[PDB]
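Only one chain comes next, encoded as structure tokens, the form deposited in one PDB entry.
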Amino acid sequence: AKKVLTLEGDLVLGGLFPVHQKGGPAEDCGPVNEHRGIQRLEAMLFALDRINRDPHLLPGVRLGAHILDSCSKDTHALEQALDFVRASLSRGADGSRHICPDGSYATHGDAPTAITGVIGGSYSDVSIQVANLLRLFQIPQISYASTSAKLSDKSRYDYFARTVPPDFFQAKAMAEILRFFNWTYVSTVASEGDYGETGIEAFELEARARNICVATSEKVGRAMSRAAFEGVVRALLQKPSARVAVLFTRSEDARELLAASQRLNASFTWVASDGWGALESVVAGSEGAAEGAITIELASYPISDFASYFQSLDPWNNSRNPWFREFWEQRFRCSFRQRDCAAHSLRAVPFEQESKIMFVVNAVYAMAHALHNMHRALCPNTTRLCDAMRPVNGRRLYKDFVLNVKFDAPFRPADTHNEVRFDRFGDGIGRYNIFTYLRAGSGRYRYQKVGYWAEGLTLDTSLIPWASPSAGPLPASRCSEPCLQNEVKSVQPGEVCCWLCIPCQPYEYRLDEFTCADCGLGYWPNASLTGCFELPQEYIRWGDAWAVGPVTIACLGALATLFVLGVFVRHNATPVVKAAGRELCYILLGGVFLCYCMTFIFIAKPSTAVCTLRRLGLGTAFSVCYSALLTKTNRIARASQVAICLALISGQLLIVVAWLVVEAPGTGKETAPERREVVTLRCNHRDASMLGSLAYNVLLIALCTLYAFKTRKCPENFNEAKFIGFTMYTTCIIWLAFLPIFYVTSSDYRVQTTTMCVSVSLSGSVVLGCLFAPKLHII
């Protein structure tokens, strides 16, 4: 058999409430629902009683009650609510049934009470399944809990005016919450019907609008088992980066999901829709699995009068509710057959008020106000049941009185001024509150407000444990962690949500959002000033960490050469010194000072505006030996000393003039070689010029050496002449032998200079020995 809550009244008001929750495969509905079913039913009953006892609202007519159960199902809700349309179909079909009794008031002994107004459809799927049958018979409907997105349009569900906001505001609130915590990688769980699909689609829209993506979307059916929920949790666990889980499930649905997650030891931060709410039966038995769970519920406030009415309830006096006795049996785990729980009272047991109690209260009050407006508009003179109340048209009432409700909310707190009204689409005001499952008490668990969304989200992290800085970093769900932007660059694949970052080339720094910036040529990638640094330390090539040894040896040899040359020229009073001219000693002193200047300019001088002077120095160093060899070959060829010195000066002048003419002091240098770790600051102007000048010096030295080689014996000089000739020959030989050494090192700056330094040091040592040979002979 089935139970129907019938309360006699002048104007019977319909009702459809899910007193029984989802049942198993045996019956349509099994265990009774205590939060959604009993509390809302008693709230509707209390609202009806207060309206019937209100002299300012329907003083003459009485509001009846015809309430049915839905079993949290669609087919059962339809077969139950079929009587609502039967009551009108009987009268519609009895139009021609007028023979015996009368014409228009034919009665058959059993006339169902006409349902002018009806509220119910707490579930979205139940609401859409019953709204069609209601509009087929011109019966208006007002909901209190269904927030389906497909119920906003008036083309299909024309006779539907809920007192709750649709799923759009809820999805916006979920998106704003997920963006507030920087949650990017998201996993969603849905339910089969309308509510789950519409909520999930709206959530994906808002997420893509907020630069948020979802990898996989899960769904659940109606007939479910713990195995399917465990499989859903396992599939969610396939991606470890999906720390967050968006839910659009129901109360028992989320309860079974939490149970399955706890059975598998799965840790998740749970964000859900209004299906979760502030209920305790959903989290019962899964306290650990629901730790740190964000829940969004519709705007609501507790009612003291409804709480007082609910606490003072007993199955004996409350004989009008057929499901109250079995509700007491299920709540107190007793049975009235044994007559044992008669002394139990609800006052001692703590009572939690459903959030949507005010919603159904305001729905009933809006229906009563619409009926009062109808009574005032059709029969304003009389106050009792007027003749115009017999034909009730849903179209006129819905389009002129239901959609035009604007009244102070009953049983509202005196602190705020809440007003119930209907928008253009017959929905409710968009406002939501947020709870977080925390360990507020020692062992007890409860819900604490952590913010609200009303045309804008406002949250506080002080009341959220995991979001507080004391507990550490908040649990974040991202596909890829933010890597080091300094040297790792992220690629932009065909996505907007996820990305992977790999280090770019080491010679380029990361400045742009897509590709590492080059920051130009000759600059080292770093983060010194803005994008990369500049190292001009290449021009300053002092260094000499291991090359200072040969340089110091060369300077010491040059100093010793100066010393011995000074000692020799100071010993000009010797008879052997008087046999030589005064110009050879002077030009040799000039050459020794020249090679001293060479080593000084090669040890410390930079390469900014010295390079051409450096080429001139090489030319003068070559011209020293050139003039020495010219003097040697001129003395052997034969006033005379003056002619020899003039010829040597002219040769040196021609040499330096040619060296200056062959070179072109232009502009332009190499930017950077293939390798980019070190910049190059070098005389990248004309190397062929200096190479050709050196080749010309070598050629003239070879020619003068071949001119001196014709006379191997000098009768005008003693045994020192052959020594001088051998010294000249061996200097030419070592020069021609070290020329390939200078050639093979033509690949880098740090090596082209040490070979030249060694060469000039060897030349200086050779000149020192040549000058010391007569000194050693006269020693």
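Superpose the two forms; the largest set of C-alphas matching within 1.5 Å is the rigid core. Residue positions are given as counts along the sequence shown, with the first one as 1.
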According to the PDB record, deposited residues with no modelled atoms between residue 444 and residue 445 number none
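Just so you know, the form deposited in another entry exists too; it's not on screen, but the next bit is about it.
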Of 305, 677, 387, 314, which is the single residue whose C-alpha shifts by 2 angstroms or more between the shown form and the other one after core superposition? 677
Does residue 732 move its CA by 2 angstroms or more between the shown form and the other one when the core is aligned? yes
Under a superposition restricted to the rigid core, does residue 543 display a Cα displacement of 2 angstroms or more between the shown form and the other one? yes
Core-aligned, is the CA shift for residue 324 between the shown form and the other one 2 angstroms or more? no
